[PDB]
Amino acid sequence: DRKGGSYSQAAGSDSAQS
Amino acid sequence: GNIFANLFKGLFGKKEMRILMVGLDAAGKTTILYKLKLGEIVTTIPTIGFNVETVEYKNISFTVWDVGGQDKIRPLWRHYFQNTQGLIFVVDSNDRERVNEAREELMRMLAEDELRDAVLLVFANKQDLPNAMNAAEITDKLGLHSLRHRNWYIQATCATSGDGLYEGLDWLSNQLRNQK
Amino acid sequence: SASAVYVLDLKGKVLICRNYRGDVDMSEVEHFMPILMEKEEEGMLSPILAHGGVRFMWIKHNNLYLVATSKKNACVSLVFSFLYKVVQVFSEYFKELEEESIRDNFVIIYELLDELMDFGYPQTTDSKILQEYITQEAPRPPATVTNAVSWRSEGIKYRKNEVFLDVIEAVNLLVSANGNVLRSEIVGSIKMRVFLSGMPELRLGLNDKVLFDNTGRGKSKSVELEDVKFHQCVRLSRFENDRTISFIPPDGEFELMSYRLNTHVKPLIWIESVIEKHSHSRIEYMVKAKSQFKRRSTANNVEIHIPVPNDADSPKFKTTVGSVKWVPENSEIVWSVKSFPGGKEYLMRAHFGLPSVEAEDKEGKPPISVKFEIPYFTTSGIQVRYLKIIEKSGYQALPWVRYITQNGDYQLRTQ
Amino acid sequence: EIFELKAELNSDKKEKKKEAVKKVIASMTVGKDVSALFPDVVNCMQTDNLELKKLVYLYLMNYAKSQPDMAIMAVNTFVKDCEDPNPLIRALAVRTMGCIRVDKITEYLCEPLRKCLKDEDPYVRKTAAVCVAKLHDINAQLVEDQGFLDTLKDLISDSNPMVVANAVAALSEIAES
Ligand SMILES: Nc1nc2c(ncn2[C@@H]2O[C@H](COP(=O)(O)OP(=O)(O)OP(=O)(O)O)[C@@H](O)[C@H]2O)c(=O)[nH]1
Ligand SMILES: [Mg+2]
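Residues numbered from 1 in each chain as written, not as in the entry; some residues may be left out. Chains lettered and ligands numbered in written order. Part of a larger assembly, values for the part shown. Heavy atoms only, no water. Residues with missing side-chain atoms left out of burial classes, pairs and counts.

### Considering the sheet that holds strand β4 (residues 54-60) of chain C
All names here are of chain C. Read from one edge to the other, the open sheet built from five strands follows the order β2-β1-β5-β4-β3, with strand pairing classed as antiparallel. A strand with exactly one partner marks an edge of an open sheet, and here the two such strands are β2 (16-19) and β3 (48-51). Strand after strand, the sheet turns through a mean of 20° between neighbouring axes, direction not considered. In the sheet, strand β1 (residues 2-7) pairs with strand β5 (residues 65-70) via five bridges, with the strands oriented antiparallel. Across the sheet, the residue bridging to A4 is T69, located in β5. (Pairing = 2+ DSSP bridges. Helix = DSSP H or I, 4+ residues; strand = E, 2+ residues; numbered from the N terminus. Axes fitted to C-alpha atoms, helices over the stretch in contact; angles between N-to-C directions.)

In structure tokens, the structure reads:
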């Protein structure tokens with residue numbers, strides 16, 4: 001864990017915008 | 001104390017030695033230094049400052065510091081007088097007009113009390129044209145026989161050919177090194 | 001156009017100086033200290049001093065005044081930027097900013113000062129790039145400085161490609177003594193700690209209001225950042241054209257983008273303070289804190305600073321939740337809370353005596369400031385969409401980022 | 001102290017030369033007038049170690065106006081170093097040449113400046129642009145005689161954005177004065 005909000009995975013781009 | 005390390009170093013060679021370079025400007029001193037260190041004729045401008053190098057031959061690290069004979073740089077030769085053991089004089093036999101100035105400069109520099117243990121070392125420069133004299137006429141003109149307590153030897157070296165430098169180096173080593 | 005940037009000390013001794021133009025004598029630094037003393041004693045002290053026709057611009061560092069003298073009408077902003085870059089470089093190279101390191105690394109300090117700027121024109125500012133040519137423990141200058149990409153060194157290889165992002169929130173609230181909030185601004189901060197192999201070119205995409213409107217998706221929750229400032233690696237042209245956030249990430253932690261816009265929402269913490277201060281008899285601290293944040297969020301390490309009287313002594317604390325410690329150095333009471341769940345309501349009742357003798361001069365009414373920091377909370381609602389990580393060789397990246405909400409300029413005017 | 005430092009600097013050991021240079025740098029930073037030993041450090045100037053060359057150049061720059069007469073024994077070293085294969089050495093030499101406030105020293109540095117004007121290294125290009133601006137500020141007439149305005153103007157139309165920006169800044173400073 002880590003204070004200040006746990007790290008979360010991010011995407012590569014807006015898949016819904018083509 | 002023990003001197004075993006000194007003997008071990010001397011068994012393979014430990015002495016290095018030093019040398020100095022003085023004389024009139026544009027006398028091939030830079031070319032002579034390049035031939036002694038590298039062995040090639042490199043084109044160089046007038047020595048506004050100075051060039052210092054070392055020469056490795058016969059297990060002796062002969063440090064050479066080329067110094068010009070410019071009017072603003074002639075008095076600067078006293079800076080090299082500190083921690084100096086050798087000295088080489090480059091003569092310009094093709095420059096008759098500057099011969100008297102070179103002789104006066106040598107007399108003024110040769111009258112320095114700090115430089116007493118250094119033997120005479122004159123390089124017979126300008127050995128490329130018939131106007132170059134012999135090894136006795138130059139010595140007679142410079143009055144090298146009147147230098148009391150000075151071990152002077154005349155050696156003629158040609159910058160273009162590179163000959164005569166080995167004899168001068170051997171003479172300098174014999175004068176400095178008194179061993180077998 | 002500073003003539004020479006120097007590093008001074010707290011006693012007026014110059015830790016290190018380096019002339020760049022030579023138009024000002026080095027002896028003018030001696031008159032800087034008396035001028036500063038006179039200005040401070042008369043209230044005319046300013047960061048940019050002026051000794052006749054020469055201006056002595058200096059900034060207060062951790063322990064020394066970074067004084068940069070100048071003679072002509074040089075770029076003061078340029079001098080400030082150069083000083084900030086030098087401070088950042090010193091912080092990166094030296095972990096401490098004090099006299100212990102100024103006199104300890106002068107051998108590399110002189111080389112760094114010579115390389116950074118020449119003739120008053122700064123030349124090198126990349127701390128990582130400068131660390132590849134100037135070290136305290138030299139090869140040719142790197143081609144990255146000569147190349148266009150001066151913020152992404154080529155040839156970097158890593159076993160894994162992991163980048164740690166940081167969604168840092170800054171909650172600044174200016175609540176007047178009348179009970180109304182005047183300055184309520186939230187400054188975003190998109191800082192990423194990139195550690196990958198090669199020179200990846202990040203392709204950032206988030207839930208921006210302008211981008212959603214342009215794409216036609218201006219109907220969901222999108223952040224409308226009043227001020228959006230990209231980092232050095234961020235290409236201005238791409239953002240100017242169609243909000244295309246394409247840039248080469250640096251090696252390490254860096255600030256890519258920093259949102260800055262006003263907030264029209266209620267404060268995350270509602271603090272109501274009461275002052276039952278008797279006339280030289282006693283004082284009352286009717287401090288009530290209401291958590292306006294969501295109940296699912298907890299404010300870790302909450303420290304609501306309540307300024308107590310300057311001469312107050314013998315305090316008694318009657319609170320409900322959170323430890324209260326009176327620090328005489330700060331002359332205030334810190335409503336310290338370890339974890340504050342959203343919607344919590346903590347009531348405190350301070351009570352202390354006062355000396356019989358009245359004070360000779362007034363002390364003022366400093367504002368009440370809290371130190372709340374609730375991570376994993378996005379008040380602005382801006383959601384990151386994607387980060388285009390592309391490499392010439394080709395690799396599968398695993399980016400990471402955390403959203404942290406803290407208390408910034410959240411001051412409350414006293415009554 | 002001073003005699004011991006001079007004796008150490010007049011030795012053939014690099015380990016003691018480095019310590020002597022560090023001590024001299026510390027004394028100058030501590031506020032000690034070490035300009036009296038400037039001629040002694042002149043002999044120990046042409047060194048292969050890069051760390052001592054920077055210290056020697058800094059001492060010469062800081063001891064140039066104080067002892068302008070003794071600075072005449074540094075033109076040869078600068079000329080020799082102006083062609084070093086290492087770009088860092090060339091940049092340092094270019095920076096040190098313009099930092100010497102000697103009226104008779106900038107006259108002999110025009111040839112190295114002209115040679116380095118077309119330097120391929122972008123850092124070398126920036127260093128030459130800074131040196132040209134420094135020479136023009138020191139001597140506008142000398143800069144005009146050397147004809148460096150055309151080279152500075154042509155610098156903006158070449159590659160190396162950092163070098164181009166440096167050349168533009170130098171041109172603006174020259175036009176500013
Ligand atoms: N033709 C010819 N000229 C020579 C010869 N040796 C020396 N010179 C001349 O001597 C001059 C000196 O050249 P350098 O040796 O490079 O410089 P220097 O002897 O140190 O003289 P300064 O640099 O002025 O102190 C050259 O310009 C040559 O013209 C030679 O063997 N043949
Ligand atoms: Mg020469």
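### Here's the deal with the sheet that holds strand β17 (residues 313-319) of chain C
All names here are of chain C. Pairing is antiparallel across the open sheet formed by four strands, whose spatial order is β14-β15-β20-β17. Here the strands that pair on one side only, and so sit at the sheet edges, are β14 (269-272) and β17. Across the sheet, the mean angle separating the axes of adjacent strands is 20° when strand polarity is ignored. Taken together, the six bridges between β17 and strand β20 (residues 345-353) define a ladder with antiparallel strand orientation.

### Overview of the arrangement of the chains
Between chains A and C lies the most contact-rich interface of the three pairs of chains that touch. Here chain B and chain C are not in contact; the least distance found between their C-alpha atoms is 22 Å. Nothing in chain A touches chain D; the tightest C-alpha to C-alpha distance between them is still 32 Å. (Contact = heavy atoms within 4.5 Å.)

### Some points on the interface of chain C and chain A
Across the boundary between the two partners, chain C contributes 13 residues, which contact 10 residues of chain A. Per-element accounting of the side of chain C that touches chain A gives the leading share, five residues, to strand β24 (residues 400-407) of chain C. Taken together, the residues of the side of chain C that touches chain A sort by class into nine nonpolar, no polar and four charged. For strand β1 (residues 8-9) of chain A and β24(C), the ladder comprises two bridges, and the chain directions are antiparallel. Bridge pairing links A:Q9 to C:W400 in β24(C). (Nonpolar A, V, L, I, M, F, W, Y, C, P; charged D, E, K, R; others polar.)

### Considerations on the UniProt feature "domain: MHD" in chain C
In the numbering adopted here, UniProt assigns the feature "domain: MHD" to residues 160-413 of chain C. Secondary structure within residues 160-413 of chain C divides into 6% helix and 51% strand; the distance between the first and last C-alpha atoms comes to 50 Å. (UniProt positions renumbered as here; feature names shortened; annotations may be inferred.)

### Things to note about unusual backbone geometry
All names here are of chain B. Even without being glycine, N83 reaches a positive phi, approximately 60°. In this structure, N83 sits in the loop between β3 (60-67) and β4 (88-92). Unusually for a residue other than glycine, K126 sits at a positive phi of about 70°. For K126, the position within the fold is in the loop between β5 (122-125) and α4 (137-142).

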